[PDB]
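Taken one at a time, structure 1 and structure 2 that follow are two forms of one protein chain, written as structure tokens.
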Structure 1
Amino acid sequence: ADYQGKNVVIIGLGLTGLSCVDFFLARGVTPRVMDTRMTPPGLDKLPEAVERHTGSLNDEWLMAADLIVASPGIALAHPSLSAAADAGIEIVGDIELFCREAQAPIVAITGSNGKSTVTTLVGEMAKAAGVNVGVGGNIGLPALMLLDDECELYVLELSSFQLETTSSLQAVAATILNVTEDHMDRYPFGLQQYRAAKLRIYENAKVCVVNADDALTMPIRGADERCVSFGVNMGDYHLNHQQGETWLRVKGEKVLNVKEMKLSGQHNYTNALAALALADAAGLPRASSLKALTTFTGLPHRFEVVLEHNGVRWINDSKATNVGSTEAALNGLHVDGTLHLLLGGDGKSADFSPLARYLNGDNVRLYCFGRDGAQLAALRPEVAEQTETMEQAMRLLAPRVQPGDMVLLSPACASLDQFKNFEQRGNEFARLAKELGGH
């Protein structure tokens, strides 16, 4: 597209907004930028010629714009943006700008949880094929930074927020991995509204990869000829268990024993299936995509086995900051002895009820900590202990573990009551797992 001579205003001075600034500067357009934070991090990366306004939005800048480029972190519903749209001012986001310029096929991945794992996995499948693939859309590598005429394939992780401002995406393959109660703040009309944002990803997609086990991932008008499904018990791509073994199965044919993979957990096996369905639909060779499933290490803090010693697996699932993540970790969970389950932190007023139906059984112990520990111990008081901190809980369980056991940090809560971020929490869990379980 051609932006010469336009009055362009960018909202957000994070990495995403900075990538938008770079995009317009590379095209000879000097945009204006604003951020409601007084001193956003990106401020001191800006060139001198870019006018900037911080500490709030600048309504007259917005109302004079030819094009508003909104960070995903501000709502289309914010009064200033509603006022601009009422005036007929075009509002887009960075993904919309990307889609207008992308000259290679796009694989597009959204969902409440698992996006980063599936996105990275599809990227590995492309790399195994020798494809110069560009992988991004997370806050840490914004899509506009991927744009390059040498790129042969784009793999984008897309949030519901980015999708709300995107209209030009024509994915060669797209998925909604799952939809669970999250981002409730931004979706005042509930789960079907949050869903409608994610459903935009299928607009003009050539192939829709849907979750057979989550009907909210189906396209808005229902299943159609574009749809390929992945699931646990059935679907085009599904899981097969027998003789104590598990296989990935595609259209009636086993394709891989999961013992060749390095990921653990049924939900990561379904992530593998979704990734393979997307890669297949994108035209990547099956052989190299299966090879990627055997080399993919997984991402830190996502159901990550950090220690396996003396028959005890220690699993860092610190990135399970919400209930749907932990529920997925407990569903179909394979443990031969006792599960020692670490829950706690700032639960953000979540309903933890869903976790209850997994915590019966003679082989479960709960260790609950942080701000909301008491709520979590309430799930099943008989098998629960409550401490202030994760380290205290780990010291409580470490002398009790036996071969066959699993120690799972799947907190279902944010970490900010006691840690700088979930990465520090996961890193601390790994340090203590090795201190207490390695020797």
Structure 2
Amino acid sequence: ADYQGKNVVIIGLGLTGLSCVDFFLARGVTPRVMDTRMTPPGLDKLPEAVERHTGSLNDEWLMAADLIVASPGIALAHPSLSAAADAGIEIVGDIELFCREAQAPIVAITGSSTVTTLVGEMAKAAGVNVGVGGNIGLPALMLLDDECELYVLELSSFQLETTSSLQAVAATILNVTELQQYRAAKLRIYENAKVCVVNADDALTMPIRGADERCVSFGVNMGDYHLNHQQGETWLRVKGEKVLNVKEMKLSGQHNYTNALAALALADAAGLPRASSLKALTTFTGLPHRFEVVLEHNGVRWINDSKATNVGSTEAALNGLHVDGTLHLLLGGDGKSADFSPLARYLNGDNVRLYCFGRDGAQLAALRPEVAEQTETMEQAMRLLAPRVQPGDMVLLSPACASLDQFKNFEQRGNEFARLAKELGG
């Protein structure tokens, strides 16, 4: 849309509020920001030209606004917002701002992560540049920067409440778990959807009406997409046909089989090739910290392999690793008396750069010091490479060491890497 010369107020900062600020600053609009918290997150990232008010809502700013952009964290029933609404002031959310500008198909998912991640993996297996965001990953507005061909948004009922311009190529309510108002907000995801993917085992996921010929179902024993145990084997079944033995999947358990069925039905409805999507089901592990993609933005892939607390596990990550551009590898920690020389056969070539840290970091940078860097902690290493990273590059944390020298456990090192990937790469 055109927001030129409008008084815009953003309620709620954080990364989402920051994305709205950038969204408007890039369209010639300087917004005003307010947040009930005295020191909200992202306050230090907030530009200087932007007026901000913290510790409470500025009711005058709201009543004076032409457009109120409300984070899902503030209740729309709040008296100031209720008064703004009664005064005829337009209230929207960040997702509404996204859907007005999005030029690529949108897949929309709501219902009490894996489904959203799988759909993204299926699009990637088909060579589709996909932006995964919303209630997970990056905020939706930050996906407009890249050159996406498909959007996959995980949405809350709160985000849906303030969204009116969503026309998803495929939408789903996975579950409605603790009421009729809660369901009503979630059903908004179906409005103007080309295909509605519903849960055969949860009737509240079905539209009340107006979806007679655009519904596709997933379920355990029933639905267009369901499971079937026949000749002693369990099969994924799609539109009456066996398409995959669940033993080819890395994921396991009934819940992950229904997750795969739901993700498959969205990807099929969005036009992704079945063959490439089924392949994604055979490669996706969903293991935290084990070659876990934590951020895909601006053509860069940030991969958290903090689970590699030994030389053998890092060698596995490097072995057969195709990186279109530059691999930015981080190495360090407590090596635990390990010999890292076997890693050298994978660290030759032009596209390798090393960023070493931790207790045994000095010993790890000694694999090819000419193209290597050294630091004390993981954070300052990532701030060195973040300016240097360009599209096609991979930022891989396969440290080959345990994290007990500077971390509670390898999980903390992997979570900290994901936190800094969002800041540095977004």
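Rigid core here is just the name for the largest C-alpha set that superposes within 1.5 Å across the two forms. When a residue number appears, read it as a position in the sequence of structure 1, where counting begins at 1.
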item	value
Pivot point of the rigid parts between structures 1 and 2 (hinge, one of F161, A398, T297, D336)	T297
Smaller-part rotation in degrees, where the chain is treated as two rigid parts between structures 1 and 2	151
Core superposition result - C-alpha of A275, shift between structures 1 and 2, Å	0.3
Cα displacement of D148 between structures 1 and 2, once the rigid core is superposed (Å)	3.8
Core-referenced Cα shift (Å), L359, between structures 1 and 2	51.6
